[PDB]
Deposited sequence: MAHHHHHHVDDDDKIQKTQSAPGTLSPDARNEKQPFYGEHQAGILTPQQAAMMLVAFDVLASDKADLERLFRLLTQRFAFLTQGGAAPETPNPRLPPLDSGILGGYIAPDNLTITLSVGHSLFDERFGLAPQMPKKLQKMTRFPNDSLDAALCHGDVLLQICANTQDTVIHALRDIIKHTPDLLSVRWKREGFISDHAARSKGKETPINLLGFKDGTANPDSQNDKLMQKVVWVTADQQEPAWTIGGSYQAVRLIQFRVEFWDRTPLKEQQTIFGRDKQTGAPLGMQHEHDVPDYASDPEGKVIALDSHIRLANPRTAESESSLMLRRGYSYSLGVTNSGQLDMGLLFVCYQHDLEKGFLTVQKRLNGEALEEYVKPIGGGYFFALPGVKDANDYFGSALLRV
């Protein structure tokens, strides 16, 4: 009966951020084709309506006049089940250019993503005016949603880049209780702050009034996205010892090395030379610090074969933070040069600002941004 599960669309915050991870996901970046601020308002209102309909589900729209394109693609049949669908909308640095008059309202820390030292960024997979993160129980529901959105926006959005991902169904069914395993065989996001902790998320994830930010951003979140390829054949031919030294964790339990429990926290002072957990390990380089927390919500991906002839698979890394500079930008800078860099290759993604929630059916996306 999973197909009848509903995630609330409206509220203070968008869904898809704190929501426990569903098994299927798609990241889709678009170029906005809106001529002006008025055309942009038309887009934001239209997306509000579609996402509101798709996430709550219902009878598929009817085509009484068959001389018209069908009102629905029909790929789900006669009923559009909610299937735990969430659709989260975020906006890129580029939307705040000269086209729509939004430059003065730009979030304080929003920037175009520029490369870090280990990156191999492909222009075809970077940035975008808007990004949708579309998640549901099944890939069918996510594809149906995308196509509904595209059908309704041929004059306003143009697909830029897109990638689909997944986590295991067991980890998905645990509703945030059991950690997803990534394609390198290690547990992913073990040390995430508690997303059910109301008060913590207010500090870690959500933009609040006490930050120097334009008021329209309150209730939104900075979103960093990284498309990261893994060298899986090479990884699978690397000793388990070296695998564990790279992550700083026991592979089977996900416990930090020299410890018992998955969510154990190490004391680095006892090991100043990195003899138990290496100075260049992923866990250790990521936190020497009290303020650099973020919420990771990443998915695995598996595609075809790379140009060089290797398996194309890896991670769709997504994280949310009250402040991009204090979170991802600070954490990645700490990680530059880590041992994991031999096995991973960032090739795309970007930085975006996830809008505050649509309060109710009389509100629409970015109403506050577009009014001021």
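Should a student be asked to find the unmodelled regions, what ranges of the deposited sequence would be the right answer here?
The deposited sequence has unmodelled segments at 1 to 27, 316 to 319.
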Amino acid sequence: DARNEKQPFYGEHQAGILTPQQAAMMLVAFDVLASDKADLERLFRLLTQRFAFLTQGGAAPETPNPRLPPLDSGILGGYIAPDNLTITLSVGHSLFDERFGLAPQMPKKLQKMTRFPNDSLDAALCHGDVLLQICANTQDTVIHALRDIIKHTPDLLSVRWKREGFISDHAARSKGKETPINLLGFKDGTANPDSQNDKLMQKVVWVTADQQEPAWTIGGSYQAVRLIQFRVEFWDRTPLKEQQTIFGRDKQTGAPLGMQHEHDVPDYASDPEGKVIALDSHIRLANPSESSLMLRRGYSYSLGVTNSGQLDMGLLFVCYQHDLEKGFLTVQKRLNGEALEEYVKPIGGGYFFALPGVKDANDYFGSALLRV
From here on, numbers count along this sequence of modelled residues.
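Averaging the C-alpha B factors as listed in the entry, name the stretch that ends up higher: 109 to 117 or 228 to 236.
Comparing 109 to 117 with 228 to 236, the higher mean C-alpha B-factor belongs to 109 to 117.
So 128 to 136 or 90 to 98, which one's hotter by mean CA B-factor in the entry?
Mean CA B-factor is higher for 90 to 98.
Would you mind finding, among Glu242, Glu262, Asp72, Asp83, the residue with the largest C-alpha temperature factor in the entry?
That would be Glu262, according to the entry.
At the C-alpha atoms, which of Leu76, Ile246, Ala255, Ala123 reaches the highest B-factor in this entry?
Spelled out: the listed residue with the top C-alpha B-factor is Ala255.
Tell me, lowest, middle or highest third: where does the Cα B factor of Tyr268 rank within its chain?
Its C-alpha B-factor, which the entry lists for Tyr268, ranks in the highest third among residues of this chain.
Is the Cα B-factor recorded for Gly298 in the lowest, middle or highest third of its chain?
Answer is lowest: the recorded C-alpha B-factor places it there.
Entry-reported Cα temperature factor of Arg371, expressed as the chain third it lands in:
Answer is highest: the recorded C-alpha B-factor places it there.
Going by the entry, which third of its chain does the Cα temperature factor of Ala103 land in?
Top third by C-alpha B-factor.
Classify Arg42 as lowest, middle or highest third according to the C-alpha B-factor given in the PDB entry, relative to its own chain.
Tercile = middle for this residue's CA B-factor.
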